[PDB]
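This is target.txt (compact mmCIF, C-alpha atoms).
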# COMPACT_ATOMS: atom_id res chain seq x y z
CA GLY A 1 23.69 -10.26 0.52
CA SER A 2 24.29 -12.22 -2.67
CA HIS A 3 22.62 -13.36 -5.85
CA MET A 4 22.67 -16.93 -4.53
CA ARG A 5 20.76 -15.86 -1.42
CA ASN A 6 18.26 -13.94 -3.56
CA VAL A 7 17.69 -17.00 -5.79
CA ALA A 8 17.11 -19.12 -2.69
CA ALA A 9 14.61 -16.52 -1.47
CA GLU A 10 12.73 -16.73 -4.76
CA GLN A 11 12.54 -20.53 -4.44
CA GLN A 12 11.19 -20.02 -0.91
CA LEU A 13 8.53 -17.66 -2.30
CA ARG A 14 7.43 -20.26 -4.85
CA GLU A 15 7.20 -22.76 -1.99
CA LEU A 16 5.20 -20.27 0.08
CA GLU A 17 2.76 -19.71 -2.80
CA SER A 18 2.13 -23.47 -2.97
CA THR A 19 0.71 -23.40 0.59
CA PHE A 20 -2.45 -21.46 -0.36
CA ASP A 21 -4.97 -21.39 -3.21
CA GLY A 22 -3.97 -18.32 -5.19
CA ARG A 23 -1.04 -16.27 -6.42
CA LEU A 24 1.68 -14.36 -4.58
CA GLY A 25 3.08 -11.20 -6.17
CA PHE A 26 6.21 -10.08 -4.40
CA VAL A 27 9.05 -7.60 -4.80
CA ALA A 28 11.61 -6.60 -2.23
CA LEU A 29 14.33 -4.06 -3.10
CA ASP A 30 17.45 -3.53 -1.00
CA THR A 31 18.19 0.16 -1.49
CA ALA A 32 21.81 -0.38 -0.39
CA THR A 33 22.51 -2.15 -3.71
CA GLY A 34 19.35 -2.12 -5.83
CA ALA A 35 19.17 -5.91 -5.49
CA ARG A 36 15.66 -7.24 -6.09
CA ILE A 37 13.89 -10.40 -4.95
CA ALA A 38 10.85 -10.97 -7.15
CA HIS A 39 8.02 -13.41 -7.76
CA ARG A 40 5.27 -12.76 -10.35
CA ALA A 41 6.63 -9.21 -10.36
CA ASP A 42 4.95 -8.18 -13.62
CA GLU A 43 1.51 -9.72 -13.03
CA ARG A 44 -1.36 -7.42 -12.12
CA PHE A 45 -3.10 -7.70 -8.75
CA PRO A 46 -5.96 -5.72 -7.19
CA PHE A 47 -4.33 -3.07 -5.03
CA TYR A 48 -7.24 -2.55 -2.60
CA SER A 49 -6.36 0.09 0.02
CA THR A 50 -2.67 0.18 -0.91
CA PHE A 51 -3.59 2.82 -3.51
CA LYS A 52 -4.13 5.20 -0.59
CA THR A 53 -0.34 5.71 -0.53
CA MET A 54 -0.44 6.96 -4.14
CA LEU A 55 -3.52 9.06 -3.36
CA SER A 56 -1.91 10.69 -0.33
CA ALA A 57 1.28 11.35 -2.29
CA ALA A 58 -0.79 13.15 -4.94
CA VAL A 59 -2.40 15.30 -2.24
CA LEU A 60 0.99 16.06 -0.70
CA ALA A 61 2.42 17.00 -4.09
CA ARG A 62 -0.40 19.53 -4.55
CA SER A 63 0.18 20.83 -1.01
CA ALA A 64 3.76 21.77 -1.90
CA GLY A 65 2.30 24.55 -4.06
CA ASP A 66 -0.62 25.44 -1.79
CA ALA A 67 0.47 26.18 1.79
CA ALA A 68 -3.10 26.08 3.11
CA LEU A 69 -4.35 22.90 1.39
CA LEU A 70 -3.55 20.57 4.28
CA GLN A 71 -5.55 22.79 6.63
CA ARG A 72 -8.59 23.07 4.33
CA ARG A 73 -11.71 21.63 5.96
CA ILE A 74 -13.90 19.34 3.84
CA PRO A 75 -17.51 19.00 5.09
CA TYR A 76 -19.51 15.83 4.48
CA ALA A 77 -22.66 14.11 5.73
CA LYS A 78 -23.83 10.67 6.90
CA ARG A 79 -24.98 9.82 3.38
CA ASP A 80 -21.39 10.24 2.15
CA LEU A 81 -20.05 7.50 4.42
CA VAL A 82 -19.13 4.21 2.80
CA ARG A 83 -18.25 0.98 4.58
CA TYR A 84 -15.08 0.99 6.71
CA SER A 85 -14.93 4.66 7.75
CA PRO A 86 -13.84 4.45 11.41
CA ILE A 87 -12.49 8.01 11.59
CA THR A 88 -14.70 10.00 9.20
CA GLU A 89 -17.86 8.64 10.83
CA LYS A 90 -16.85 10.60 13.95
CA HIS A 91 -16.81 13.99 12.21
CA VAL A 92 -19.92 14.17 10.00
CA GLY A 93 -21.13 17.74 9.51
CA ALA A 94 -18.22 20.17 9.55
CA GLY A 95 -15.91 17.36 8.46
CA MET A 96 -12.13 17.11 8.66
CA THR A 97 -9.07 18.84 7.29
CA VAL A 98 -7.19 17.48 4.29
CA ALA A 99 -4.28 16.51 6.54
CA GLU A 100 -6.64 14.71 8.91
CA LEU A 101 -8.19 12.87 5.96
CA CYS A 102 -4.76 11.75 4.75
CA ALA A 103 -3.83 10.53 8.22
CA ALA A 104 -7.13 8.68 8.56
CA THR A 105 -6.94 7.03 5.16
CA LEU A 106 -3.31 5.97 5.68
CA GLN A 107 -3.34 4.95 9.35
CA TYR A 108 -6.86 3.51 9.69
CA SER A 109 -7.52 2.82 5.99
CA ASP A 110 -10.62 5.05 6.18
CA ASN A 111 -12.62 4.65 2.96
CA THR A 112 -14.71 7.83 3.05
CA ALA A 113 -11.52 9.82 3.64
CA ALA A 114 -10.09 8.31 0.46
CA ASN A 115 -13.23 9.18 -1.53
CA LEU A 116 -13.13 12.78 -0.28
CA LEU A 117 -9.47 13.09 -1.28
CA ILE A 118 -10.16 11.55 -4.71
CA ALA A 119 -12.86 14.18 -5.24
CA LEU A 120 -10.51 16.93 -4.02
CA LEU A 121 -8.05 15.94 -6.75
CA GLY A 122 -10.75 15.90 -9.46
CA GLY A 123 -11.59 12.19 -9.63
CA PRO A 124 -9.83 8.82 -9.78
CA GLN A 125 -8.05 9.65 -13.05
CA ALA A 126 -6.10 12.36 -11.22
CA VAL A 127 -4.48 9.63 -9.13
CA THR A 128 -3.54 7.73 -12.29
CA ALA A 129 -2.12 10.94 -13.75
CA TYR A 130 -0.09 11.47 -10.59
CA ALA A 131 1.31 7.94 -10.86
CA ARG A 132 2.39 8.67 -14.45
CA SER A 133 4.13 11.85 -13.29
CA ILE A 134 6.35 9.85 -10.91
CA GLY A 135 7.22 7.29 -13.59
CA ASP A 136 4.60 4.60 -12.89
CA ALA A 137 3.07 3.55 -16.22
CA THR A 138 1.27 0.57 -14.63
CA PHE A 139 -0.92 1.84 -11.78
CA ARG A 140 -4.50 2.69 -12.68
CA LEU A 141 -7.25 3.94 -10.36
CA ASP A 142 -10.60 3.51 -12.09
CA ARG A 143 -13.23 3.47 -9.32
CA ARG A 144 -13.84 4.76 -5.79
CA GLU A 145 -14.28 2.91 -2.50
CA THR A 146 -15.63 0.34 -2.18
CA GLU A 147 -16.31 -0.65 -5.81
CA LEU A 148 -12.56 -0.85 -6.47
CA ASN A 149 -12.45 -4.04 -4.33
CA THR A 150 -14.34 -6.29 -6.80
CA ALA A 151 -11.15 -8.14 -7.84
CA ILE A 152 -12.82 -9.74 -10.88
CA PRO A 153 -10.51 -12.23 -12.66
CA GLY A 154 -8.82 -10.62 -15.65
CA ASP A 155 -10.14 -7.12 -14.83
CA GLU A 156 -7.26 -4.66 -14.95
CA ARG A 157 -9.24 -1.85 -13.29
CA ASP A 158 -7.78 -0.77 -9.96
CA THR A 159 -4.65 -2.90 -10.32
CA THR A 160 -0.90 -2.56 -10.40
CA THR A 161 2.05 -4.96 -10.50
CA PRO A 162 4.42 -5.75 -7.62
CA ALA A 163 7.32 -4.32 -9.63
CA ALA A 164 5.60 -1.03 -10.46
CA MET A 165 4.37 -0.48 -6.92
CA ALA A 166 7.81 -1.29 -5.50
CA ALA A 167 9.40 1.24 -7.83
CA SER A 168 6.80 3.85 -6.86
CA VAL A 169 7.10 3.17 -3.12
CA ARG A 170 10.86 3.51 -3.45
CA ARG A 171 10.64 6.82 -5.31
CA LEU A 172 8.02 8.20 -2.90
CA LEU A 173 9.41 7.15 0.49
CA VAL A 174 13.15 6.92 -0.21
CA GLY A 175 13.74 8.78 -3.47
CA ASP A 176 13.00 11.95 -5.38
CA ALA A 177 9.32 11.74 -6.34
CA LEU A 178 8.21 14.31 -3.72
CA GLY A 179 9.83 17.32 -2.14
CA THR A 180 11.77 16.78 1.12
CA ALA A 181 9.04 17.87 3.49
CA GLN A 182 6.32 15.94 1.67
CA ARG A 183 8.37 12.73 1.49
CA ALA A 184 8.92 13.08 5.24
CA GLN A 185 5.21 13.57 5.96
CA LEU A 186 4.30 10.52 3.89
CA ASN A 187 6.85 8.47 5.84
CA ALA A 188 5.56 9.84 9.16
CA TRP A 189 1.97 8.91 8.31
CA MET A 190 2.84 5.41 7.11
CA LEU A 191 5.18 4.77 10.06
CA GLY A 192 2.17 5.41 12.29
CA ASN A 193 -0.10 2.95 10.49
CA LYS A 194 -2.38 1.02 12.85
CA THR A 195 -3.66 -1.71 10.48
CA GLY A 196 -0.52 -3.64 9.56
CA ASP A 197 0.82 -5.16 12.77
CA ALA A 198 0.30 -8.75 11.55
CA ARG A 199 1.58 -8.27 7.98
CA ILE A 200 5.00 -6.99 6.79
CA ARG A 201 5.71 -5.78 10.33
CA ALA A 202 5.32 -9.33 11.65
CA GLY A 203 7.95 -10.67 9.23
CA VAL A 204 10.84 -8.28 9.92
CA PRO A 205 13.33 -8.28 12.82
CA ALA A 206 12.67 -6.42 16.02
CA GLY A 207 14.23 -2.99 15.89
CA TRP A 208 13.25 -2.37 12.27
CA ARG A 209 10.80 0.48 11.79
CA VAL A 210 8.17 -0.06 9.10
CA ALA A 211 6.18 2.44 7.05
CA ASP A 212 3.39 0.36 5.51
CA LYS A 213 -0.07 0.54 3.97
CA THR A 214 -2.28 -2.55 4.01
CA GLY A 215 -4.95 -3.59 1.57
CA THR A 216 -7.93 -5.87 2.14
CA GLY A 217 -10.87 -6.52 -0.16
CA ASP A 218 -13.49 -9.15 0.55
CA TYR A 219 -13.16 -11.39 3.60
CA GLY A 220 -9.90 -13.32 3.63
CA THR A 221 -8.10 -11.27 0.95
CA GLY A 222 -5.24 -8.87 1.36
CA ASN A 223 -1.83 -7.41 0.77
CA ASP A 224 0.68 -4.92 2.22
CA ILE A 225 3.26 -2.48 0.83
CA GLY A 226 5.90 -0.35 2.49
CA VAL A 227 9.48 0.39 3.44
CA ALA A 228 11.38 -1.09 6.36
CA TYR A 229 14.08 1.02 8.01
CA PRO A 230 16.62 -1.29 9.67
CA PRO A 231 18.42 0.42 12.56
CA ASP A 232 21.88 0.53 10.96
CA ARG A 233 21.49 -0.50 7.29
CA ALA A 234 19.77 0.92 4.24
CA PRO A 235 15.98 0.85 3.75
CA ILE A 236 14.29 -2.14 2.10
CA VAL A 237 11.14 -1.83 -0.01
CA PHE A 238 8.53 -4.59 0.42
CA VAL A 239 5.50 -5.17 -1.83
CA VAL A 240 3.28 -8.18 -1.12
CA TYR A 241 0.19 -8.69 -3.30
CA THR A 242 -1.97 -11.82 -3.33
CA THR A 243 -5.10 -13.26 -4.90
CA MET A 244 -5.85 -15.68 -2.03
CA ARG A 245 -9.28 -15.86 -0.29
CA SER A 246 -8.23 -17.36 3.06
CA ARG A 247 -10.35 -19.18 5.64
CA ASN A 248 -9.62 -16.38 8.14
CA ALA A 249 -7.51 -13.26 8.61
CA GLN A 250 -4.53 -14.81 10.41
CA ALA A 251 -4.00 -17.37 7.64
CA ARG A 252 -3.67 -14.58 5.09
CA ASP A 253 -1.54 -12.42 7.40
CA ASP A 254 0.84 -15.34 8.02
CA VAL A 255 1.50 -15.59 4.28
CA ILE A 256 2.29 -11.88 3.98
CA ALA A 257 4.55 -11.92 7.06
CA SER A 258 6.31 -15.05 5.78
CA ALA A 259 7.00 -13.44 2.41
CA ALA A 260 8.57 -10.42 4.12
CA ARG A 261 10.58 -12.71 6.40
CA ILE A 262 12.04 -14.55 3.39
CA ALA A 263 13.36 -11.33 1.87
CA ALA A 264 14.56 -9.91 5.19
CA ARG A 265 16.60 -13.08 5.68
CA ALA A 266 18.30 -12.62 2.29
CA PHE A 267 19.14 -8.94 2.88
CA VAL A 268 20.40 -8.90 6.49

Take the structure in the file and write it out as structure tokens.
Amino acid sequence: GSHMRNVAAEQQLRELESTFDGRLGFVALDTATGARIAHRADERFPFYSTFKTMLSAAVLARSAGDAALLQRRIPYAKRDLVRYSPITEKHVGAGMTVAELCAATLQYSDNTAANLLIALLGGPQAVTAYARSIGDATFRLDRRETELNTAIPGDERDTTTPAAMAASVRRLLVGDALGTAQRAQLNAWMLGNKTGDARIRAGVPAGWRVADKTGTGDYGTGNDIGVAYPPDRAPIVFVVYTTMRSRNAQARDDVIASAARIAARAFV
């Protein structure tokens, strides 16, 4: 890569942002060099379900000191279910194990699973505290699902910046934030995500493996974060936040995929 190619990529991101009503917040980091491609990197965006990566990391960190935590079963009832709970709705009554809840919240974006894990940790502020412990001074989790999706202009609740989330994703999936085994489990869960096939994954070359977590608020909104593992080069961190409200899902997904494609072009 080169600085000149990264500058061209940033111009291409400004051009991409001009094709929709709204803002694009983008960081890609080439871990081979630390080179960064950035656009609105220090502006806050609603994170939506992308916080579930930080939540699951906090659970995994606790599990390193409690060998049974991931196998603990959490009961819950129909009245606990919030909207968008495709896995937890199947197991009302005796409930699911902590590991199963992490897998469901990461791979299917299950909202009740996230709420149960937030409660396990002691409330949303425990996720913020975990973010601080890994060096993220920006992330803040203030509410539960689904109230954290309100995305009110100027409201900093339940937001982060592209730069802070990219740094945290790097530390969690590629770096030293977690212990070996927990870093690996977080990668394994996010590699198996089922909700992101049209987002970052759609913008990277065939043969790259992607560990991602999507976020979607109201209809037509969304984002995606993760790490791509090229087959023979170093991992690349991708963070794509937006404030768009698109006409349909594919229009929004095309923007996210295009943003990833711009950075992949610069780093190959």

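Interatomic distance, CA of residue 73 (chain A) against CA of residue 147 (chain A): 25.6 Å.
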
Find the residues of region 97-179 of chain A that sit at most 6 Å from region 48-72 of chain A; for each, write down the nearest two atoms and how far apart they are in Å, to one decimal. Count all atoms listed in the file. Sort by chain, then by number going up, and give it as JSON lines.
{"residue": "A:97", "atom": "CA", "partner": "A:72", "partner_atom": "CA", "distance": 5.2}
{"residue": "A:98", "atom": "CA", "partner": "A:70", "partner_atom": "CA", "distance": 4.8}
{"residue": "A:99", "atom": "CA", "partner": "A:70", "partner_atom": "CA", "distance": 4.7}
{"residue": "A:102", "atom": "CA", "partner": "A:56", "partner_atom": "CA", "distance": 5.9}
{"residue": "A:127", "atom": "CA", "partner": "A:55", "partner_atom": "CA", "distance": 5.9}
{"residue": "A:130", "atom": "CA", "partner": "A:58", "partner_atom": "CA", "distance": 5.9}
{"residue": "A:149", "atom": "CA", "partner": "A:48", "partner_atom": "CA", "distance": 5.7}

Take every atom of region 38-54 of chain A listed in the file, pad by 6 Å on each side, and give me the axis-aligned box centre and edge lengths in Å, one decimal, as lines of an AutoDock Vina configuration file.
center_x = 1.8
center_y = -3.2
center_z = -6.8
size_x = 30.1
size_y = 32.4
size_z = 25.6

10 Å contact set for residue 5 (chain A), only C-alpha atoms, chain neighbours under 5 positions out, as an mmCIF file with C-alpha atoms, keeping the file's coordinate frame:
data_model
loop_
_atom_site.group_PDB
_atom_site.id
_atom_site.type_symbol
_atom_site.label_atom_id
_atom_site.label_comp_id
_atom_site.auth_asym_id
_atom_site.auth_seq_id
_atom_site.Cartn_x
_atom_site.Cartn_y
_atom_site.Cartn_z
ATOM 1 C CA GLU A 10 12.730 -16.730 -4.760
ATOM 2 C CA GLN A 11 12.540 -20.530 -4.440
ATOM 3 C CA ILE A 37 13.890 -10.400 -4.950
ATOM 4 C CA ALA A 263 13.360 -11.330 1.870
ATOM 5 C CA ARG A 265 16.600 -13.080 5.680
ATOM 6 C CA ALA A 266 18.300 -12.620 2.290
ATOM 7 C CA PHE A 267 19.140 -8.940 2.880
#

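For the set A:120, A:228, A:16, A:148, the residue with the smallest atom-to-atom gap to residue 170 (chain A) is A:228, counting only C-alpha atoms.
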
Between A:219, A:76, A:241, A:189, single out the one closest to residue 257 (chain A), counting all atoms listed in the file.
A:241

Selection: 12 Å around residue 187 (chain A), only C-alpha atoms, excl. self and same-chain fewer than 6 positions, as a ChimeraX atom specification:
/A:53,56-57,60,103,106-107,169-175,178,180-181,193,209-213,226-229

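Atom to atom, CA of residue 221 (chain A) and CA of residue 20 (chain A) stand 11.7 Å apart.
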
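The closest residue to residue 232 (chain A), picked from A:32, A:100, A:165, A:89 and counting only C-alpha atoms, is A:32.
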
Residues within 9 Å of residue 261 (chain A), please, as a ChimeraX atom specification. Count all atoms listed in the file; anything in the same chain fewer than 6 positions from it doesn't count.
/A:200,202-205

Please compute the CA of residue 234 (chain A)-CA of residue 26 (chain A) distance, one decimal, in Å.
19.5 Å

Please complete region 212-233 of chain A so it has N, CA, C and O atoms, and hand it over as a PDB file, in the frame of the given file.
ATOM      1  N   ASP A 212       4.143   1.257   6.380  1.00  0.00           N
ATOM      2  CA  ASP A 212       3.390   0.360   5.510  1.00  0.00           C
ATOM      3  C   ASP A 212       1.974   0.875   5.290  1.00  0.00           C
ATOM      4  O   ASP A 212       1.454   1.682   6.061  1.00  0.00           O
ATOM      5  N   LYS A 213       1.349   0.352   4.234  1.00  0.00           N
ATOM      6  CA  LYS A 213      -0.070   0.540   3.970  1.00  0.00           C
ATOM      7  C   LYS A 213      -0.650  -0.810   3.564  1.00  0.00           C
ATOM      8  O   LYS A 213      -0.203  -1.401   2.576  1.00  0.00           O
ATOM      9  N   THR A 214      -1.647  -1.279   4.306  1.00  0.00           N
ATOM     10  CA  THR A 214      -2.280  -2.550   4.010  1.00  0.00           C
ATOM     11  C   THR A 214      -3.379  -2.391   2.960  1.00  0.00           C
ATOM     12  O   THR A 214      -3.888  -1.296   2.684  1.00  0.00           O
ATOM     13  N   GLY A 215      -3.763  -3.521   2.386  1.00  0.00           N
ATOM     14  CA  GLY A 215      -4.950  -3.590   1.570  1.00  0.00           C
ATOM     15  C   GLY A 215      -5.728  -4.851   1.849  1.00  0.00           C
ATOM     16  O   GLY A 215      -5.144  -5.923   2.014  1.00  0.00           O
ATOM     17  N   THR A 216      -7.050  -4.733   1.902  1.00  0.00           N
ATOM     18  CA  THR A 216      -7.930  -5.870   2.140  1.00  0.00           C
ATOM     19  C   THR A 216      -9.197  -5.629   1.345  1.00  0.00           C
ATOM     20  O   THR A 216      -9.791  -4.552   1.440  1.00  0.00           O
ATOM     21  N   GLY A 217      -9.622  -6.625   0.577  1.00  0.00           N
ATOM     22  CA  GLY A 217     -10.870  -6.520  -0.160  1.00  0.00           C
ATOM     23  C   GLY A 217     -11.965  -7.277   0.550  1.00  0.00           C
ATOM     24  O   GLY A 217     -12.297  -6.961   1.697  1.00  0.00           O
ATOM     25  N   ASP A 218     -12.525  -8.284  -0.108  1.00  0.00           N
ATOM     26  CA  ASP A 218     -13.490  -9.150   0.550  1.00  0.00           C
ATOM     27  C   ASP A 218     -12.806  -9.936   1.670  1.00  0.00           C
ATOM     28  O   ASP A 218     -11.575  -9.985   1.783  1.00  0.00           O
ATOM     29  N   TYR A 219     -13.633 -10.565   2.499  1.00  0.00           N
ATOM     30  CA  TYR A 219     -13.160 -11.390   3.600  1.00  0.00           C
ATOM     31  C   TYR A 219     -12.064 -12.343   3.144  1.00  0.00           C
ATOM     32  O   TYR A 219     -12.211 -13.037   2.136  1.00  0.00           O
ATOM     33  N   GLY A 220     -10.955 -12.365   3.883  1.00  0.00           N
ATOM     34  CA  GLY A 220      -9.900 -13.320   3.630  1.00  0.00           C
ATOM     35  C   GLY A 220      -8.880 -12.915   2.584  1.00  0.00           C
ATOM     36  O   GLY A 220      -7.937 -13.683   2.331  1.00  0.00           O
ATOM     37  N   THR A 221      -9.034 -11.750   1.965  1.00  0.00           N
ATOM     38  CA  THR A 221      -8.100 -11.270   0.950  1.00  0.00           C
ATOM     39  C   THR A 221      -7.160 -10.245   1.569  1.00  0.00           C
ATOM     40  O   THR A 221      -7.426  -9.706   2.647  1.00  0.00           O
ATOM     41  N   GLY A 222      -6.049  -9.980   0.899  1.00  0.00           N
ATOM     42  CA  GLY A 222      -5.240  -8.870   1.360  1.00  0.00           C
ATOM     43  C   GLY A 222      -3.804  -8.849   0.875  1.00  0.00           C
ATOM     44  O   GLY A 222      -3.300  -9.766   0.211  1.00  0.00           O
ATOM     45  N   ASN A 223      -3.143  -7.768   1.271  1.00  0.00           N
ATOM     46  CA  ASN A 223      -1.830  -7.410   0.770  1.00  0.00           C
ATOM     47  C   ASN A 223      -1.221  -6.350   1.703  1.00  0.00           C
ATOM     48  O   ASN A 223      -1.855  -5.909   2.671  1.00  0.00           O
ATOM     49  N   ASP A 224       0.009  -5.936   1.409  1.00  0.00           N
ATOM     50  CA  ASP A 224       0.680  -4.920   2.220  1.00  0.00           C
ATOM     51  C   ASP A 224       1.867  -4.405   1.423  1.00  0.00           C
ATOM     52  O   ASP A 224       2.538  -5.184   0.741  1.00  0.00           O
ATOM     53  N   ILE A 225       2.114  -3.093   1.488  1.00  0.00           N
ATOM     54  CA  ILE A 225       3.260  -2.480   0.830  1.00  0.00           C
ATOM     55  C   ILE A 225       3.953  -1.556   1.829  1.00  0.00           C
ATOM     56  O   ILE A 225       3.322  -1.041   2.757  1.00  0.00           O
ATOM     57  N   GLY A 226       5.245  -1.321   1.631  1.00  0.00           N
ATOM     58  CA  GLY A 226       5.900  -0.350   2.490  1.00  0.00           C
ATOM     59  C   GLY A 226       7.404  -0.382   2.368  1.00  0.00           C
ATOM     60  O   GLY A 226       7.980  -0.989   1.457  1.00  0.00           O
ATOM     61  N   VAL A 227       8.027   0.333   3.301  1.00  0.00           N
ATOM     62  CA  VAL A 227       9.480   0.390   3.440  1.00  0.00           C
ATOM     63  C   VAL A 227       9.830   0.053   4.873  1.00  0.00           C
ATOM     64  O   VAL A 227       9.223   0.590   5.809  1.00  0.00           O
ATOM     65  N   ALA A 228      10.805  -0.828   5.052  1.00  0.00           N
ATOM     66  CA  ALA A 228      11.380  -1.090   6.360  1.00  0.00           C
ATOM     67  C   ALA A 228      12.678  -0.319   6.488  1.00  0.00           C
ATOM     68  O   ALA A 228      13.478  -0.255   5.549  1.00  0.00           O
ATOM     69  N   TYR A 229      12.882   0.257   7.666  1.00  0.00           N
ATOM     70  CA  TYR A 229      14.080   1.020   8.010  1.00  0.00           C
ATOM     71  C   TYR A 229      14.831   0.220   9.062  1.00  0.00           C
ATOM     72  O   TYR A 229      14.511   0.310  10.258  1.00  0.00           O
ATOM     73  N   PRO A 230      15.798  -0.612   8.670  1.00  0.00           N
ATOM     74  CA  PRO A 230      16.620  -1.290   9.670  1.00  0.00           C
ATOM     75  C   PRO A 230      17.408  -0.268  10.459  1.00  0.00           C
ATOM     76  O   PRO A 230      17.663   0.848   9.975  1.00  0.00           O
ATOM     77  N   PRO A 231      17.805  -0.600  11.688  1.00  0.00           N
ATOM     78  CA  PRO A 231      18.420   0.420  12.560  1.00  0.00           C
ATOM     79  C   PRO A 231      19.777   0.896  12.096  1.00  0.00           C
ATOM     80  O   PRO A 231      20.166   2.007  12.471  1.00  0.00           O
ATOM     81  N   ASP A 232      20.532   0.107  11.320  1.00  0.00           N
ATOM     82  CA  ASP A 232      21.880   0.530  10.960  1.00  0.00           C
ATOM     83  C   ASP A 232      22.249   0.126   9.534  1.00  0.00           C
ATOM     84  O   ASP A 232      23.441   0.081   9.202  1.00  0.00           O
ATOM     85  N   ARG A 233      21.266  -0.190   8.695  1.00  0.00           N
ATOM     86  CA  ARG A 233      21.490  -0.500   7.290  1.00  0.00           C
ATOM     87  C   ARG A 233      20.436   0.221   6.467  1.00  0.00           C
ATOM     88  O   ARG A 233      19.497   0.822   7.002  1.00  0.00           O
TER      89      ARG A 233
END
